[PDB]
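Structure file upload38.txt; described as compact mmCIF, C-alpha atoms.
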```
# COMPACT_ATOMS: atom_id res chain seq x y z
CA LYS A 319 0.00 0.00 0.00
CA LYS A 320 1.88 3.11 -1.19
CA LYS A 321 5.17 1.22 -0.73
CA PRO A 322 4.85 0.67 3.05
CA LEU A 323 8.66 0.28 2.98
CA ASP A 324 8.87 3.64 4.75
CA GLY A 325 10.09 3.72 8.38
CA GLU A 326 11.23 0.39 9.84
CA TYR A 327 8.41 -1.43 11.69
CA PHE A 328 8.80 -2.95 15.19
CA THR A 329 6.77 -4.92 17.77
CA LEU A 330 6.17 -4.61 21.53
CA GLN A 331 4.61 -7.02 24.05
CA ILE A 332 1.94 -5.35 26.25
CA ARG A 333 0.70 -7.22 29.34
CA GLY A 334 -2.97 -6.82 30.32
CA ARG A 335 -5.86 -6.58 27.83
CA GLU A 336 -7.25 -3.25 29.06
CA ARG A 337 -3.76 -1.73 28.78
CA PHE A 338 -3.38 -3.17 25.26
CA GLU A 339 -6.51 -1.42 23.96
CA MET A 340 -5.19 1.80 25.50
CA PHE A 341 -1.78 1.64 23.79
CA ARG A 342 -3.41 0.61 20.49
CA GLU A 343 -5.47 3.82 20.68
CA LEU A 344 -2.31 5.92 21.08
CA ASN A 345 -0.69 4.21 18.08
CA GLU A 346 -3.81 4.78 15.95
CA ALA A 347 -4.05 8.37 17.22
CA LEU A 348 -0.52 9.27 16.08
CA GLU A 349 -1.06 7.39 12.81
CA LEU A 350 -4.21 9.49 12.29
CA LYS A 351 -2.23 12.74 12.66
CA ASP A 352 0.63 11.43 10.52
CA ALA A 353 -1.97 10.24 7.98
CA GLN A 354 -3.27 13.83 7.84
CA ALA A 355 0.15 15.22 6.86
CA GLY A 356 -0.12 13.04 3.73
CA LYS A 357 -2.93 15.26 2.39
CA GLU A 358 -1.83 18.04 0.01
CA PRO A 359 -1.47 21.31 2.03
CA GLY A 360 -4.42 23.73 1.67
CA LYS B 319 9.26 -16.24 36.80
CA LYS B 320 6.64 -16.16 39.58
CA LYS B 321 4.21 -17.98 37.25
CA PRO B 322 4.04 -15.26 34.56
CA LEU B 323 0.69 -16.88 33.61
CA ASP B 324 -1.00 -13.79 35.06
CA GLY B 325 -2.79 -11.39 32.66
CA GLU B 326 -2.90 -12.45 29.00
CA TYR B 327 0.01 -11.01 26.97
CA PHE B 328 -0.42 -9.28 23.58
CA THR B 329 1.70 -7.63 20.85
CA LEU B 330 1.48 -4.36 18.87
CA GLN B 331 3.33 -3.16 15.76
CA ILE B 332 4.80 0.36 16.15
CA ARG B 333 6.07 2.17 13.04
CA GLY B 334 9.12 4.44 13.41
CA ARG B 335 12.12 3.68 15.65
CA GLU B 336 11.99 6.89 17.69
CA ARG B 337 8.30 6.25 18.40
CA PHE B 338 9.07 2.65 19.40
CA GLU B 339 11.56 3.69 22.10
CA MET B 340 8.92 6.13 23.39
CA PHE B 341 6.15 3.52 23.70
CA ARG B 342 8.60 1.02 25.24
CA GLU B 343 9.31 3.61 27.96
CA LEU B 344 5.59 3.92 28.75
CA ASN B 345 5.23 0.13 29.00
CA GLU B 346 8.26 -0.10 31.31
CA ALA B 347 6.99 2.88 33.32
CA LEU B 348 3.62 1.24 34.07
CA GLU B 349 5.36 -2.09 34.75
CA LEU B 350 7.59 -0.24 37.25
CA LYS B 351 4.56 1.08 39.15
CA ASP B 352 2.77 -2.27 38.96
CA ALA B 353 6.02 -3.94 40.08
CA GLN B 354 5.96 -1.68 43.15
CA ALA B 355 2.49 -2.89 44.20
CA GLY B 356 4.07 -6.37 44.51
CA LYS B 357 6.09 -5.21 47.54
CA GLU B 358 4.51 -5.94 50.94
CA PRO B 359 2.66 -2.77 52.14
CA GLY B 360 4.56 -0.72 54.75
CA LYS C 319 -16.97 27.59 19.91
CA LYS C 320 -19.82 25.10 19.39
CA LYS C 321 -20.72 25.47 23.09
CA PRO C 322 -17.43 24.14 24.51
CA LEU C 323 -19.47 23.40 27.67
CA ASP C 324 -19.14 19.70 26.80
CA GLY C 325 -16.98 17.49 29.05
CA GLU C 326 -15.51 19.16 32.15
CA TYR C 327 -11.99 20.54 31.53
CA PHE C 328 -9.03 19.94 33.88
CA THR C 329 -5.32 20.85 34.22
CA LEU C 330 -2.12 18.90 34.98
CA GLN C 331 1.39 20.06 35.89
CA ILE C 332 4.12 18.38 33.77
CA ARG C 333 7.76 18.73 34.87
CA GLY C 334 10.43 18.97 32.15
CA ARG C 335 10.00 20.84 28.85
CA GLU C 336 10.78 17.90 26.55
CA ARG C 337 8.21 15.80 28.42
CA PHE C 338 5.64 18.61 28.14
CA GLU C 339 5.85 18.73 24.34
CA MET C 340 5.42 14.94 24.33
CA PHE C 341 2.24 14.95 26.46
CA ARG C 342 0.84 17.90 24.48
CA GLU C 343 1.21 15.77 21.32
CA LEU C 344 -0.81 12.94 22.90
CA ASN C 345 -3.57 15.36 23.93
CA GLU C 346 -3.70 16.86 20.41
CA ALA C 347 -3.58 13.35 18.90
CA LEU C 348 -6.67 12.16 20.80
CA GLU C 349 -8.41 15.48 20.11
CA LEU C 350 -7.68 14.92 16.40
CA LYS C 351 -9.40 11.51 16.46
CA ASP C 352 -12.28 12.82 18.57
CA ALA C 353 -12.52 15.80 16.20
CA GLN C 354 -12.94 13.31 13.33
CA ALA C 355 -15.98 11.68 14.96
CA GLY C 356 -17.67 15.10 14.69
CA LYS C 357 -17.81 14.75 10.88
CA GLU C 358 -21.07 13.34 9.48
CA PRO C 359 -20.61 9.56 8.87
CA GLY C 360 -19.96 8.60 5.22
CA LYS D 319 11.44 19.75 48.88
CA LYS D 320 15.05 19.06 47.81
CA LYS D 321 15.08 22.42 45.99
CA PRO D 322 12.29 21.62 43.49
CA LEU D 323 13.86 24.38 41.35
CA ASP D 324 15.06 21.64 38.99
CA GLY D 325 13.48 21.42 35.51
CA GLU D 326 10.98 24.16 34.62
CA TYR D 327 7.37 23.15 35.42
CA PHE D 328 4.45 23.58 32.96
CA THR D 329 0.67 22.99 32.78
CA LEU D 330 -1.68 21.39 30.22
CA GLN D 331 -5.48 21.44 29.92
CA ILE D 332 -6.99 17.94 29.42
CA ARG D 333 -10.64 17.67 28.36
CA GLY D 334 -12.69 14.74 29.72
CA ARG D 335 -12.38 13.35 33.27
CA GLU D 336 -11.62 9.75 32.28
CA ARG D 337 -8.85 11.00 29.99
CA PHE D 338 -7.46 13.20 32.78
CA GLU D 339 -7.02 10.26 35.18
CA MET D 340 -5.25 8.40 32.35
CA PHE D 341 -2.73 11.18 31.64
CA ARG D 342 -2.16 11.72 35.37
CA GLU D 343 -1.16 8.04 35.61
CA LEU D 344 1.43 8.48 32.84
CA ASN D 345 2.89 11.54 34.58
CA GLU D 346 3.09 9.68 37.90
CA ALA D 347 4.52 6.62 36.13
CA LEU D 348 7.44 8.56 34.61
CA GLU D 349 7.96 10.41 37.91
CA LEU D 350 8.16 7.01 39.62
CA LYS D 351 10.95 5.86 37.28
CA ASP D 352 12.74 9.21 37.52
CA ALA D 353 12.30 9.05 41.31
CA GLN D 354 14.09 5.68 41.24
CA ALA D 355 17.18 7.16 39.54
CA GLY D 356 17.54 9.37 42.64
CA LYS D 357 18.47 6.31 44.74
CA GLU D 358 22.21 5.66 45.12
CA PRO D 359 23.27 3.02 42.51
CA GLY D 360 23.68 -0.52 43.90
```
Transcribe the structure of this file into structure tokens.
Amino acid sequence: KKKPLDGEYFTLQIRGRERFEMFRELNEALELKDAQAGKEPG
Amino acid sequence: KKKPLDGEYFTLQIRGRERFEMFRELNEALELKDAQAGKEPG
Amino acid sequence: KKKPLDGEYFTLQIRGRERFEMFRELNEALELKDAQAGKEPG
Amino acid sequence: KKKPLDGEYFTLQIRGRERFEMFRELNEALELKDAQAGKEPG
């Protein structure tokens, strides 16, 4: 998808299920902002 | 180690190396606090 | 602005300047996602 | 307390009460780790 060979990917183990959902939200949140910088500037 | 069969473990992919180190710190930070609740109360 | 009398607002002291910028990013990140749920569904 | 005139302090507004408690935990978590580096090395 758009040559996902961009930044190197990694992986992290997160104990607890409630904590996992929380971290996942942070990752998606930053990705959302970063995904907005991919839109042509106004 | 102390029957690590406690809470279910999970895994999350984190793009970017700088971001990875940052999330890892948060995971270790919470584990540090949680690891302190394992000490007998004063 | 759109009756900002929504959820109660709060305040938190954050030591360190580098850490401050980091937390601010997380707050803006979540606000960005929450700000996206305000758009009419497709 | 130990000359708290160390790093400059700041403040951040966090909307939502549930979110506030969450950020507060992160701040305390990092402070806990940083507070551990204040102990003489083994």
Item to complete: Provide as an MDAnalysis selection string the residues of chain A at most 9 Å from chain B, counting only C-alpha atoms.
Response: chainID A and resid 324:335 338 341:342 345 349
Practice prompt. May I ask for the distance between CA of residue 354 in chain C and CA of residue 351 in chain A, given in Å to one decimal place?
Written response: 10.7 Å
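Note that the spacing between CA of residue 321 in chain B and CA of residue 352 in chain B amounts to 15.9 Å.
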How would chain B read as a tab-separated table (two decimals) with C-alpha atoms, keeping the file's coordinate frame once least-squares superposed on chain C using all paired C-alpha atoms?
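As a result, part_38.tsv now contains:
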```tsv
chain	number	residue	atom	x	y	z
B	319	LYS	CA	-16.97	27.59	19.91
B	320	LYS	CA	-19.82	25.10	19.39
B	321	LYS	CA	-20.73	25.47	23.09
B	322	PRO	CA	-17.43	24.14	24.50
B	323	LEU	CA	-19.47	23.40	27.67
B	324	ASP	CA	-19.14	19.71	26.80
B	325	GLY	CA	-16.98	17.48	29.06
B	326	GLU	CA	-15.51	19.16	32.15
B	327	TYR	CA	-11.99	20.54	31.53
B	328	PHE	CA	-9.03	19.94	33.88
B	329	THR	CA	-5.32	20.85	34.22
B	330	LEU	CA	-2.12	18.90	34.98
B	331	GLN	CA	1.40	20.06	35.88
B	332	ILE	CA	4.12	18.38	33.78
B	333	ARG	CA	7.76	18.73	34.87
B	334	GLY	CA	10.43	18.97	32.15
B	335	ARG	CA	9.99	20.84	28.84
B	336	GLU	CA	10.78	17.90	26.55
B	337	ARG	CA	8.21	15.80	28.42
B	338	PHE	CA	5.64	18.61	28.15
B	339	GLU	CA	5.85	18.73	24.34
B	340	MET	CA	5.41	14.94	24.33
B	341	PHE	CA	2.24	14.95	26.46
B	342	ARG	CA	0.84	17.90	24.47
B	343	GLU	CA	1.21	15.77	21.32
B	344	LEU	CA	-0.81	12.94	22.90
B	345	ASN	CA	-3.58	15.36	23.93
B	346	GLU	CA	-3.70	16.85	20.42
B	347	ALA	CA	-3.58	13.36	18.90
B	348	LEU	CA	-6.67	12.16	20.81
B	349	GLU	CA	-8.42	15.49	20.11
B	350	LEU	CA	-7.69	14.92	16.40
B	351	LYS	CA	-9.40	11.51	16.46
B	352	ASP	CA	-12.28	12.82	18.57
B	353	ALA	CA	-12.52	15.80	16.19
B	354	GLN	CA	-12.94	13.32	13.33
B	355	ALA	CA	-15.98	11.67	14.97
B	356	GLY	CA	-17.67	15.10	14.69
B	357	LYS	CA	-17.80	14.75	10.88
B	358	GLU	CA	-21.07	13.34	9.48
B	359	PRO	CA	-20.61	9.56	8.87
B	360	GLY	CA	-19.97	8.60	5.22
```
Test item: axis-aligned box, all listed atoms of range 327-345 of chain C, 6 Å on each side, centre and edges in Å rounded to one decimal, as lines of an AutoDock Vina configuration file:
```
center_x = -0.6
center_y = 16.9
center_z = 28.6
size_x = 34.8
size_y = 19.9
size_z = 26.6
```
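Taking CA of residue 319 in chain C and CA of residue 350 in chain A as endpoints, the distance between them is 23.4 Å.
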